[PDB]
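In what follows, a single structure is set out as structure tokens and then discussed.
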Amino acid sequence: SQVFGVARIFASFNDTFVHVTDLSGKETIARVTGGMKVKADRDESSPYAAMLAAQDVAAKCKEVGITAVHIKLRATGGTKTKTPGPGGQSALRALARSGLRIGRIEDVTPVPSXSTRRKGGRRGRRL
Amino acid sequence: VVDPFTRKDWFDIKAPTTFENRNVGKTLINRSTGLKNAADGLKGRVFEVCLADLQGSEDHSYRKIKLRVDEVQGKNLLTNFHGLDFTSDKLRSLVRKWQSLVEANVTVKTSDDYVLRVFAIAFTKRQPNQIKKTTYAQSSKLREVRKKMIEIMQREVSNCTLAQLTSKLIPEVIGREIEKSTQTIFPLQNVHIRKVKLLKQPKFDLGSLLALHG
Amino acid sequence: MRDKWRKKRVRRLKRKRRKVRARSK
Amino acid sequence: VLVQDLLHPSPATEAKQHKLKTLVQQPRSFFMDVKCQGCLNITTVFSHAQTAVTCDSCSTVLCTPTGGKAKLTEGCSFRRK
Amino acid sequence: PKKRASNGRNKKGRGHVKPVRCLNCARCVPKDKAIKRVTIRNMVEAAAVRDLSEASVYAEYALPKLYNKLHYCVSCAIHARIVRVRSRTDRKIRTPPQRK
RNA sequence: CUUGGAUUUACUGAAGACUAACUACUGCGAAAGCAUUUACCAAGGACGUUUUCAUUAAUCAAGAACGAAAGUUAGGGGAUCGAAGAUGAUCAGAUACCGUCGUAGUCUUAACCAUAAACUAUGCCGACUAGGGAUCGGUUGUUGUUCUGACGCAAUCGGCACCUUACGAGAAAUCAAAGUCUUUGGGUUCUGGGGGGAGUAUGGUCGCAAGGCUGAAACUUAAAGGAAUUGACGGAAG
Ligand SMILES: [Mg+2]
Ligand SMILES: [Mg+2]
Ligand SMILES: [Mg+2]
Ligand SMILES: [Mg+2]
Ligand SMILES: [Mg+2]
Ligand SMILES: [Mg+2]
Ligand SMILES: [Mg+2]
Ligand SMILES: [Mg+2]
Ligand SMILES: [Mg+2]
Ligand SMILES: [Mg+2]
Ligand SMILES: [Mg+2]
Ligand SMILES: [Mg+2]
Ligand SMILES: [Mg+2]
Ligand SMILES: [Mg+2]
Ligand SMILES: [Mg+2]
Ligand SMILES: [Mg+2]
Ligand SMILES: [Mg+2]
Ligand SMILES: [Mg+2]
Ligand SMILES: [Mg+2]
Ligand SMILES: [Mg+2]
Ligand SMILES: [Mg+2]
Ligand SMILES: [Mg+2]
Ligand SMILES: [Mg+2]
Ligand SMILES: [Mg+2]
Ligand SMILES: [Mg+2]
Ligand SMILES: [Mg+2]
Ligand SMILES: [Zn+2]
Ligand SMILES: [Zn+2]
């Protein structure tokens, strides 16, 4: 029936990666970031840039033959934030609204089982 | 300049016969050229596919199976079992407060010398007539449950081949046996084999793999 | 001034006194 | 309660007290006559026994020590003396 | 004077509690003192749960939730209005606010 | 840092750290502190006891053991953060806050150091004085409960706490002890005597050092300070 890729959406708070691979992830099909859609750094992670990135990703997927994708959303994780960035929701809605078919959705944010020391110092970053 | 997608050839992924829906999906690779054959660079790849897809039933939506390709037959990829894991959301939906979480792991090799690490997880069960807020088991009880988990994973892995173990894992035979075996220690709920890891594989047996492919 | 820094200033001044006295022992 | 008979407490409230907190402290333990199922031979056993007591006739353990009262083995019947 | 009988933390019958980092500023805060909130949000916003269900290849596919436990220092929480300054008598009330 | 392929993606490996979620007005320890599994080693409180000895006890100048972090000496390790330093911003200036790196350090082995808002800012032992519901460990009696264990209902001893009242205390904040204190006496150790000068100088002693412990005076000064009230203000909330 359908041909599945894997839409690996990495939504940090400074950028948004929309990366579609095969099932294994060893073959990259399309990787469009929110920074390729705007010329200002402050909105590289904007929902608008993520939507444009997703539309370009869907267009590239269609001409290669990918008709459906599984979703692996992730935040920065590690010692940094575990909540996904603002662009991951827009890239997901744009992908679903672009004619690509959606399979399983999962959050794959890296979470330590403890961890290393987090930047900022003992008193945190004072603002 | 070249459009690298004009040189991609599609292959079909075939799961072992232990599952139902053996048509995993499609992959691609650079077309076989003189310098690099597609076969050698395509075997050894690992695909992570949901067990609900491999079985049709939605009861397995929270478990995902890794299938490793180790033989190519034309445009067909012959994969093997590579590991088991729970989804992150499933584990997070199981780890509540006001209850005890008990975990165990063991390194054990199968009949065909497949070295695995098997991770078991369980939580304390609240009785229907219970009034108190929390459901905590004493650490001695948790040690007895952990020991029973370990000797059950050891027995139910060392006594069977990897294919039979996969057929045991799909219906949670081991989890049901751990839950039954720990009834006299403490009531438990959500007893699962939440992860299986391949550490070392035996020498490749194409005939044995082919028996797992029809 | 802050008591901690007042203490540090006095510690540095005791240190100087000791170093100065050591010249003539 | 301002007026109360301290010399004659109600035996109901007197029985809930700790063994050292009565007017005159008294143990709540006792001695038992244990009949093993195999034969009939009186063997006096402390209720809170710390020893795996065996009867003289047959070398069978009568009780296993626990945190509190000793636990009689199956087939062993006790009668308080 | 003493503002709180609990000294603003939850350490009684204990000597030392290992710290946690504020989610917002990465400040070291004792685990008992940190303001902790458990949030279970839908992974897809309700606006997009429709178009994503229409684009879904699965009949009766349940959208996964997002589970997270957030740790805040006192400054992070007060600034983000997670907790607010309460009156002297209202400070003692430690039941969860009746909103849900 | 990046068309010399960065960032991203899958698989594999190596290093050091660290033990998330579970995790709590819960546990343990003399305190500092202690959180992956198992084994071994030696301890410990409570409970239970119709076991044993019979005053062996309480608190303690002198004298000892342990004692967060940082720091010192010498090996080993050096992932991550990161004093100093280098650098980009902001600014009138910021060698500050913010950003990117970074050396000591962070970890470990042998030794030192002996200090923290080392806090419950509340010495230890003993007795008594008031209601209540929770909770951890042990023990003892008992269910329209699930499957022996779990749970449920009662008692109790010990803990960690909490809620109410104020007989009582307090300058008040508040306190079940901070009560049983002019109606002043259960036992005992330590400490204070207006604010500074000053934990300074000097002498001694300990330390490799940094420093620790002990520790003045001249002179100067009418307040300094505690708790609460009204207002005013706040780059605090509503
Ligand atoms: Mg601020
Ligand atoms: Mg128990
Ligand atoms: Mg204040
Ligand atoms: Mg402390
Ligand atoms: Mg852990
Ligand atoms: Mg515990
Ligand atoms: Mg003590
Ligand atoms: Mg003395
Ligand atoms: Mg002394
Ligand atoms: Mg060194
Ligand atoms: Mg500058
Ligand atoms: Mg650095
Ligand atoms: Mg060192
Ligand atoms: Mg020290
Ligand atoms: Mg001191
Ligand atoms: Mg404190
Ligand atoms: Mg003091
Ligand atoms: Mg003392
Ligand atoms: Mg007393
Ligand atoms: Mg008295
Ligand atoms: Mg109990
Ligand atoms: Mg008793
Ligand atoms: Mg009170
Ligand atoms: Mg109190
Ligand atoms: Mg004076
Ligand atoms: Mg004042
Ligand atoms: Zn007998
Ligand atoms: Zn802060």
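Here, A, B, ... name the chains of the structure tokens in the order displayed, residue numbers run from 1 inside each chain, and ligands are numbered from 1 in the same displayed order.
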
Within 8 Å of chain E, which residues of chain B are there when counting only C-alpha atoms? Please give them as a PyMOL selection string.
-> chain B and resi 89+92-93

Can I get the selection written as a PDB file, in the first residue's frame, with N, CA, C and O atoms?
```
ATOM      1  N   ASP B  89       6.463   6.884  25.989  1.00  0.00           N
ATOM      2  CA  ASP B  89       5.207   7.342  26.566  1.00  0.00           C
ATOM      3  C   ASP B  89       4.565   6.230  27.385  1.00  0.00           C
ATOM      4  O   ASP B  89       3.924   6.500  28.402  1.00  0.00           O
ATOM      5  N   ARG B  92       6.388   6.137  30.685  1.00  0.00           N
ATOM      6  CA  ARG B  92       6.027   7.297  31.483  1.00  0.00           C
ATOM      7  C   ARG B  92       4.589   7.208  31.970  1.00  0.00           C
ATOM      8  O   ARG B  92       4.260   7.761  33.026  1.00  0.00           O
ATOM      9  N   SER B  93       3.724   6.516  31.232  1.00  0.00           N
ATOM     10  CA  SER B  93       2.355   6.380  31.689  1.00  0.00           C
ATOM     11  C   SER B  93       2.253   5.320  32.763  1.00  0.00           C
ATOM     12  O   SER B  93       1.246   5.266  33.476  1.00  0.00           O
TER      13      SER B  93
END
```

Write as number ranges by chain the residues around ligand 6, taking 12 Å as the cut-off and counting only C-alpha atoms (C1' of nucleotides) and all ligand atoms.
-> B: 98-101, 135-140, 142; F: 22-24, 26-28, 35, 136-137

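Neighbouring residues of residue 173 of chain F at 9 Å or closer, counting only C-alpha atoms (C1' of nucleotides) and skipping chain neighbours under 2 positions away, are residues 1 and 2 of chain E; 227 and 228 of chain F.
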
Given the selection you just returned, output its residues as a file containing N, CA, C and O atoms (P, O5', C5', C4', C3', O3' and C1' of nucleotides), formatted as a PDB file, in the first residue's frame.
```pdb
ATOM      1  N   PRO E   1      12.177  37.862  61.583  1.00  0.00           N
ATOM      2  CA  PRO E   1      11.567  36.717  62.254  1.00  0.00           C
ATOM      3  C   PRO E   1      11.433  35.496  61.357  1.00  0.00           C
ATOM      4  O   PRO E   1      11.799  35.553  60.194  1.00  0.00           O
ATOM      5  N   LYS E   2      10.910  34.409  61.908  1.00  0.00           N
ATOM      6  CA  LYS E   2      10.690  33.187  61.151  1.00  0.00           C
ATOM      7  C   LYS E   2       9.428  33.329  60.315  1.00  0.00           C
ATOM      8  O   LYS E   2       8.353  33.610  60.852  1.00  0.00           O
TER       9      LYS E   2
ATOM     10  P     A F 227      13.155  40.147  64.630  1.00  0.00           P
ATOM     11  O5'   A F 227      11.641  40.324  65.059  1.00  0.00           O
ATOM     12  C5'   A F 227      10.975  39.310  65.788  1.00  0.00           C
ATOM     13  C4'   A F 227       9.757  39.832  66.507  1.00  0.00           C
ATOM     14  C3'   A F 227       8.704  40.538  65.673  1.00  0.00           C
ATOM     15  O3'   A F 227       7.857  39.646  64.975  1.00  0.00           O
ATOM     16  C1'   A F 227       9.130  41.791  67.614  1.00  0.00           C
ATOM     17  P     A F 228       7.177  40.089  63.595  1.00  0.00           P
ATOM     18  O5'   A F 228       6.116  41.199  63.997  1.00  0.00           O
ATOM     19  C5'   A F 228       4.829  40.858  64.480  1.00  0.00           C
ATOM     20  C4'   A F 228       4.207  42.011  65.223  1.00  0.00           C
ATOM     21  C3'   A F 228       3.611  43.123  64.383  1.00  0.00           C
ATOM     22  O3'   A F 228       2.305  42.836  63.927  1.00  0.00           O
ATOM     23  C1'   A F 228       4.985  44.061  66.042  1.00  0.00           C
TER      24        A F 228
END
```

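Selecting all polymer residues at most 10 Å from ligand 15, using only C-alpha atoms (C1' of nucleotides) and all ligand atoms, gives residues 115, 116 and 118 of chain F.
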
Please, which residues have at least one atom within 10 Å of an atom of ligand 1, using only C-alpha atoms (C1' of nucleotides) and all ligand atoms, listed as a list in words?
-> residues 125, 126 and 127 of chain A; 75, 76 and 79 of chain E

Please save N, CA and C atoms of the selected residues as a PDB file, in the first residue's frame.
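Output file again18.pdb is given in full below:
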```pdb
ATOM      1  N   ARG A 125      21.542  30.880  35.716  1.00  0.00           N
ATOM      2  CA  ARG A 125      21.815  32.057  34.900  1.00  0.00           C
ATOM      3  C   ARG A 125      20.948  33.193  35.417  1.00  0.00           C
ATOM      4  N   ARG A 126      21.581  34.232  35.949  1.00  0.00           N
ATOM      5  CA  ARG A 126      20.864  35.307  36.621  1.00  0.00           C
ATOM      6  C   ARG A 126      20.450  36.308  35.562  1.00  0.00           C
ATOM      7  N   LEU A 127      19.165  36.615  35.510  1.00  0.00           N
ATOM      8  CA  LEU A 127      18.675  37.574  34.545  1.00  0.00           C
ATOM      9  C   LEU A 127      18.119  38.813  35.231  1.00  0.00           C
TER      10      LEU A 127
ATOM     11  N   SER E  75      12.570  31.480  42.602  1.00  0.00           N
ATOM     12  CA  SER E  75      12.552  32.614  41.688  1.00  0.00           C
ATOM     13  C   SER E  75      11.896  32.249  40.364  1.00  0.00           C
ATOM     14  N   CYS E  76      12.237  31.082  39.800  1.00  0.00           N
ATOM     15  CA  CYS E  76      11.598  30.652  38.559  1.00  0.00           C
ATOM     16  C   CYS E  76      10.087  30.591  38.732  1.00  0.00           C
ATOM     17  N   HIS E  79       8.408  34.111  39.380  1.00  0.00           N
ATOM     18  CA  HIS E  79       8.427  34.921  38.171  1.00  0.00           C
ATOM     19  C   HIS E  79       7.429  34.399  37.149  1.00  0.00           C
TER      20      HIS E  79
END
```

Using DSSP assignments from the backbone, pull out every residue in chain E that falls under alpha helix (DSSP H) and give it to me as a tab-separated table (two decimals) with C-alpha atoms, in the first residue's frame.
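What follows is the written file out.tsv:
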```
chain	number	residue	atom	x	y	z
E	48	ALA	CA	-4.51	19.60	14.75
E	49	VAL	CA	-5.95	16.43	16.25
E	50	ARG	CA	-8.53	16.44	13.47
E	51	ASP	CA	-6.38	16.91	10.40
E	52	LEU	CA	-3.83	14.49	11.84
E	53	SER	CA	-6.56	11.91	12.42
E	54	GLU	CA	-7.69	12.37	8.82
E	55	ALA	CA	-4.11	11.98	7.60
E	74	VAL	CA	11.56	29.80	44.04
E	75	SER	CA	12.55	32.61	41.69
E	76	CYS	CA	11.60	30.65	38.56
E	77	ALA	CA	8.20	29.79	40.01
E	78	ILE	CA	7.36	33.22	41.39
E	79	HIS	CA	8.43	34.92	38.17
```

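A distance cut-off of 8 Å from ligand 20, applied to only C-alpha atoms (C1' of nucleotides) and all ligand atoms, picks out the residues residues 126, 127, 128, 180 and 186 of chain F.
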
Compute the set of chain F residues within 8 Å of chain B, using only C-alpha atoms (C1' of nucleotides), and express it as a VMD selection string.
-> chain F and resid 10 to 11 21 to 22 24 37 145 to 152

Dump as a PDB file, in the first residue's frame, selection limited to C-alpha atoms (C1' of nucleotides):
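Saved as part23.pdb:
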```pdb
ATOM      1  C1'   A F  10      20.953   5.076  11.960  1.00  0.00           C
ATOM      2  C1'   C F  11      24.440   1.434  13.765  1.00  0.00           C
ATOM      3  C1'   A F  21      11.255   9.047  36.688  1.00  0.00           C
ATOM      4  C1'   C F  22       9.673   5.872  41.382  1.00  0.00           C
ATOM      5  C1'   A F  24       6.797  11.526  49.835  1.00  0.00           C
ATOM      6  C1'   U F  37      21.914  -4.847  41.245  1.00  0.00           C
ATOM      7  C1'   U F 145     -11.881  -7.962  50.536  1.00  0.00           C
ATOM      8  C1'   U F 146      -8.204  -9.907  46.342  1.00  0.00           C
ATOM      9  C1'   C F 147      -4.966 -13.844  45.789  1.00  0.00           C
ATOM     10  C1'   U F 148      -0.032 -17.724  51.874  1.00  0.00           C
ATOM     11  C1'   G F 149       0.790 -12.783  51.069  1.00  0.00           C
ATOM     12  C1'   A F 150      -1.682  -8.120  50.254  1.00  0.00           C
ATOM     13  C1'   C F 151      -5.479  -5.181  52.077  1.00  0.00           C
ATOM     14  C1'   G F 152      -9.309  -3.834  55.970  1.00  0.00           C
TER      15        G F 152
END
```

Name all residues at most 12 Å from residue 200 of chain F (count only C-alpha atoms (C1' of nucleotides); drop same-chain ones fewer than 3 positions away) and give them as a list in words.
-> residues 7, 10, 11, 13, 14 and 17 of chain C; 197, 215, 216 and 217 of chain F

Polymer residues at most 10 Å from residue 32 of chain D, only C-alpha atoms (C1' of nucleotides), same-chain spacing of 3 or more positions, as a PyMOL selection string = chain D and resi 29+35+42-47+77-81

Exercise answer, 9 Å around ligand 7 with only C-alpha atoms (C1' of nucleotides) and all ligand atoms, as a list in words = residues 29, 30 and 31 of chain F

Residue hits in chain D, query chain F, radius 10 Å, only C-alpha atoms (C1' of nucleotides), as a ChimeraX atom specification = /D:15-20,26-31,46-50,66-69

May I have the residues from that selection written out with N, CA, C and O atoms, as a compact mmCIF listing (two decimals), in the first residue's frame?
```
# COMPACT_ATOMS: atom_id res chain seq x y z
N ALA D 15 -7.28 -3.78 79.85
CA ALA D 15 -6.76 -4.85 79.00
C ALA D 15 -6.10 -4.34 77.74
O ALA D 15 -5.31 -5.07 77.13
N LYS D 16 -6.41 -3.12 77.31
CA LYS D 16 -5.77 -2.54 76.14
C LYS D 16 -4.40 -1.97 76.44
O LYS D 16 -3.65 -1.67 75.51
N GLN D 17 -4.06 -1.80 77.71
CA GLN D 17 -2.80 -1.19 78.09
C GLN D 17 -1.62 -2.09 77.79
O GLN D 17 -1.72 -3.31 77.69
N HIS D 18 -0.47 -1.44 77.65
CA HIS D 18 0.81 -2.11 77.57
C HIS D 18 1.10 -2.86 78.86
O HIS D 18 0.62 -2.49 79.93
N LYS D 19 1.86 -3.95 78.75
CA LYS D 19 2.07 -4.82 79.90
C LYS D 19 2.79 -4.11 81.04
O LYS D 19 2.66 -4.53 82.19
N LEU D 20 3.57 -3.06 80.75
CA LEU D 20 4.25 -2.29 81.78
C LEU D 20 3.47 -1.09 82.27
O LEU D 20 3.88 -0.46 83.25
N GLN D 26 2.21 -6.97 84.56
CA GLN D 26 1.97 -8.38 84.50
C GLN D 26 2.18 -8.86 83.07
O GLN D 26 1.71 -8.19 82.13
N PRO D 27 2.89 -9.96 82.86
CA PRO D 27 3.09 -10.45 81.50
C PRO D 27 1.78 -10.92 80.86
O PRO D 27 0.87 -11.40 81.54
N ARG D 28 1.70 -10.74 79.55
CA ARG D 28 0.58 -11.24 78.77
C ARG D 28 0.87 -12.61 78.16
O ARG D 28 0.00 -13.19 77.52
N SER D 29 2.08 -13.12 78.34
CA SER D 29 2.47 -14.43 77.87
C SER D 29 1.98 -15.51 78.84
O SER D 29 1.48 -15.23 79.92
N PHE D 30 2.15 -16.77 78.43
CA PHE D 30 1.63 -17.90 79.18
C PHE D 30 2.42 -19.14 78.79
O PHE D 30 3.31 -19.09 77.93
N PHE D 31 2.11 -20.26 79.44
CA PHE D 31 2.71 -21.54 79.12
C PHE D 31 1.64 -22.48 78.58
O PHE D 31 0.47 -22.43 78.99
N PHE D 46 6.66 -22.40 76.36
CA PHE D 46 6.38 -20.98 76.55
C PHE D 46 5.68 -20.42 75.31
O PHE D 46 6.01 -20.78 74.18
N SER D 47 4.70 -19.55 75.53
CA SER D 47 3.95 -19.00 74.41
C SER D 47 4.86 -18.20 73.49
O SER D 47 4.79 -18.33 72.26
N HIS D 48 5.69 -17.35 74.06
CA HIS D 48 6.67 -16.56 73.30
C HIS D 48 8.03 -17.22 73.29
O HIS D 48 9.05 -16.62 73.64
N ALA D 49 8.07 -18.49 72.89
CA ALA D 49 9.30 -19.26 72.93
C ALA D 49 10.27 -18.78 71.86
O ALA D 49 9.89 -18.48 70.73
N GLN D 50 11.54 -18.69 72.24
CA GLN D 50 12.61 -18.33 71.32
C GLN D 50 13.35 -19.54 70.78
O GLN D 50 14.24 -19.38 69.94
N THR D 66 9.25 -16.86 66.26
CA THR D 66 8.93 -15.70 65.43
C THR D 66 9.26 -14.42 66.18
O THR D 66 9.90 -14.47 67.24
N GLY D 67 8.83 -13.28 65.65
CA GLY D 67 9.03 -12.03 66.35
C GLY D 67 8.31 -11.98 67.69
O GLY D 67 8.84 -11.44 68.67
N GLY D 68 7.11 -12.54 67.75
CA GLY D 68 6.34 -12.57 68.98
C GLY D 68 6.05 -13.97 69.48
O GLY D 68 6.96 -14.68 69.90
N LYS D 69 4.78 -14.36 69.45
CA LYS D 69 4.42 -15.70 69.89
C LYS D 69 5.04 -16.74 68.97
O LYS D 69 5.14 -16.54 67.75
```

DSSP-assigned strand (DSSP E) members of segment 18-72 of chain D, reported as a PDB file with C-alpha atoms, in the first residue's frame:
```
ATOM      1  CA  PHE D  31       2.706 -21.545  79.125  1.00  0.00           C
ATOM      2  CA  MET D  32       1.094 -24.204  76.953  1.00  0.00           C
ATOM      3  CA  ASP D  33       0.657 -27.975  76.927  1.00  0.00           C
ATOM      4  CA  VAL D  34       1.458 -29.137  73.405  1.00  0.00           C
ATOM      5  CA  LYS D  35      -0.031 -32.285  71.889  1.00  0.00           C
ATOM      6  CA  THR D  44       5.251 -27.426  78.509  1.00  0.00           C
ATOM      7  CA  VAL D  45       6.075 -24.714  75.959  1.00  0.00           C
ATOM      8  CA  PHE D  46       6.383 -20.978  76.546  1.00  0.00           C
ATOM      9  CA  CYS D  63       7.186 -24.562  67.394  1.00  0.00           C
ATOM     10  CA  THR D  64       9.277 -22.220  65.290  1.00  0.00           C
ATOM     11  CA  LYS D  71       4.342 -20.603  65.777  1.00  0.00           C
ATOM     12  CA  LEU D  72       3.243 -24.194  66.361  1.00  0.00           C
TER      13      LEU D  72
END
```

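With only C-alpha atoms (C1' of nucleotides) and all ligand atoms as the atoms that count, the set of residues no farther than 10 Å from ligand 8 is residues 59, 60, 61, 188, 189 and 190 of chain F.
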
The selected residues should be written to file as a PDB file, in the first residue's frame (atoms: N, CA and C atoms (P, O5', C5', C4', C3', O3' and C1' of nucleotides)).
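The file below, result_3.pdb, is the result:
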```pdb
ATOM      1  P     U F  59      23.888  11.674  79.308  1.00  0.00           P
ATOM      2  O5'   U F  59      24.523  13.014  79.864  1.00  0.00           O
ATOM      3  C5'   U F  59      23.739  14.180  80.028  1.00  0.00           C
ATOM      4  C4'   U F  59      24.494  15.247  80.768  1.00  0.00           C
ATOM      5  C3'   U F  59      25.843  15.624  80.189  1.00  0.00           C
ATOM      6  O3'   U F  59      25.727  16.533  79.112  1.00  0.00           O
ATOM      7  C1'   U F  59      26.044  15.311  82.520  1.00  0.00           C
ATOM      8  P     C F  60      26.941  16.733  78.091  1.00  0.00           P
ATOM      9  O5'   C F  60      27.982  17.607  78.912  1.00  0.00           O
ATOM     10  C5'   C F  60      29.371  17.346  78.846  1.00  0.00           C
ATOM     11  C4'   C F  60      30.021  17.533  80.189  1.00  0.00           C
ATOM     12  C3'   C F  60      31.535  17.545  80.193  1.00  0.00           C
ATOM     13  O3'   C F  60      32.058  18.821  79.891  1.00  0.00           O
ATOM     14  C1'   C F  60      30.731  16.135  81.914  1.00  0.00           C
ATOM     15  P     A F  61      33.357  18.972  78.973  1.00  0.00           P
ATOM     16  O5'   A F  61      34.557  18.898  80.002  1.00  0.00           O
ATOM     17  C5'   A F  61      35.820  19.448  79.680  1.00  0.00           C
ATOM     18  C4'   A F  61      36.164  20.584  80.603  1.00  0.00           C
ATOM     19  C3'   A F  61      37.625  21.004  80.586  1.00  0.00           C
ATOM     20  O3'   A F  61      37.951  21.923  79.564  1.00  0.00           O
ATOM     21  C1'   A F  61      36.986  20.585  82.797  1.00  0.00           C
ATOM     22  P     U F 188      23.328  19.174  90.064  1.00  0.00           P
ATOM     23  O5'   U F 188      24.071  19.160  88.663  1.00  0.00           O
ATOM     24  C5'   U F 188      25.052  18.183  88.380  1.00  0.00           C
ATOM     25  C4'   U F 188      25.346  18.084  86.910  1.00  0.00           C
ATOM     26  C3'   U F 188      25.896  19.319  86.225  1.00  0.00           C
ATOM     27  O3'   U F 188      27.274  19.548  86.442  1.00  0.00           O
ATOM     28  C1'   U F 188      24.166  18.433  84.920  1.00  0.00           C
ATOM     29  P     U F 189      27.874  21.013  86.207  1.00  0.00           P
ATOM     30  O5'   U F 189      28.207  21.055  84.657  1.00  0.00           O
ATOM     31  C5'   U F 189      29.153  20.170  84.089  1.00  0.00           C
ATOM     32  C4'   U F 189      29.221  20.314  82.594  1.00  0.00           C
ATOM     33  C3'   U F 189      29.470  21.710  82.059  1.00  0.00           C
ATOM     34  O3'   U F 189      30.824  22.114  82.113  1.00  0.00           O
ATOM     35  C1'   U F 189      27.724  20.713  80.842  1.00  0.00           C
ATOM     36  P     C F 190      31.206  23.660  82.303  1.00  0.00           P
ATOM     37  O5'   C F 190      30.787  24.341  80.935  1.00  0.00           O
ATOM     38  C5'   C F 190      31.437  24.000  79.729  1.00  0.00           C
ATOM     39  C4'   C F 190      30.727  24.556  78.523  1.00  0.00           C
ATOM     40  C3'   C F 190      30.584  26.060  78.451  1.00  0.00           C
ATOM     41  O3'   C F 190      31.767  26.707  78.037  1.00  0.00           O
ATOM     42  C1'   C F 190      28.532  25.067  77.896  1.00  0.00           C
TER      43        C F 190
END
```

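Atom CA of residue 41 of chain B is found 24.8 Å from atom CA of residue 115 of chain B.
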